[PDB]
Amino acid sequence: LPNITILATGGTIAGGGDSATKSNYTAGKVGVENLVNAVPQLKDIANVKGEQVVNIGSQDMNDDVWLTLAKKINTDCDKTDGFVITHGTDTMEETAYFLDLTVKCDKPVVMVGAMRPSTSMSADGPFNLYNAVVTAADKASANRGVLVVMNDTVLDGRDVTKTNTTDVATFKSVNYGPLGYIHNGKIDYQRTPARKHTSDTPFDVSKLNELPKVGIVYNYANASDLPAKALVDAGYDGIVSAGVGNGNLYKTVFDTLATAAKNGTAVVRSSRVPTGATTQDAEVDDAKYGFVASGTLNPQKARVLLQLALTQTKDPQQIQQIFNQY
């Protein structure tokens, strides 16, 4: 049977809450061995090893956990046939993309979480973790980058995003769609990501103890320049704009960032809008102000790639090329 490492970093997948019929619970309170023995059917398909990395709620997720994650995956590559990370759903789309860029293992890394806590009636997490292990054990799952397996679906880490607050089917690759579906412990893969991933990137976090500070401002009607101004005062290496429509800013947030761009801050335009590209050659001359268009990458996902781009260069056009490649 395939040697699958489970890496455990928390999430509702490992959270409980008194009544099976109450929505009240705590993230990251259950250990990796409980999870594993809660799904005895893993024994039949994998030689699972549990390792607890942290035990937090992914709302609390951070760079440290990311760096600890890439490292341990990269370091433990050749002692196992695939990895599975149990993770909170709230920021799984970020970690998954982070790992997607920083992991150099060709072998299946798969993230998985659960929208209902383990004490819930009809809890999602057992079958989630089952199918995630299945995915991790499929030969075909190799060389497709970091995966999220949720609700019977294999999603790529680049596009996977959380579309609903509570639905078990919340995870969806909302622009290019999923890679394959899971029936009966078998996957028919029909799609594979075309953007460069895992081993095909230059990113290398091996020797890194922290990441270039990057923050996110939201644009709305009458948007305040105060969030933006704050981040530059504090010397942020990067601001990602959560812009309106095709990545537009408010007048004040525009000027602040237009300045910031001329004074060394990288600025990437993305969109609060849930699907679709932030394009160049629309209403904002990106070359003129030195901005970068985030493409299909929503804000938080743009934040991930900004940080890792920043650890190569500070130049608007080198970054844009990285948004067009990765």
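Start at 1 and count along the sequence shown; that's the residue number.
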Average Cα temperature factor in the PDB entry - higher stretch of 108-116, 242-250: 242-250
Compare the mean C-alpha B-factor of 99-107 with that of 130-138 as given in the PDB entry, and name the stretch with the higher value. 99-107
I'd like to know which of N151, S173, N209, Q190 has the highest C-alpha temperature factor in the PDB entry. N209
The largest CA temperature factor among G264, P274, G295, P299 is found at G264
Of the three thirds of the chain ranked by Cα temperature factor, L7 occupies the lowest
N222, C-alpha B-factor rank within chain (lowest, middle or highest third): highest
Entry-reported Cα temperature factor of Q59, expressed as the chain third it lands in: lowest
For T26, does the deposited CA B-factor place it in the lowest, middle or highest third of the chain? highest
What third of its chain, lowest, middle or highest, does the C-alpha temperature factor of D200 fall into? highest
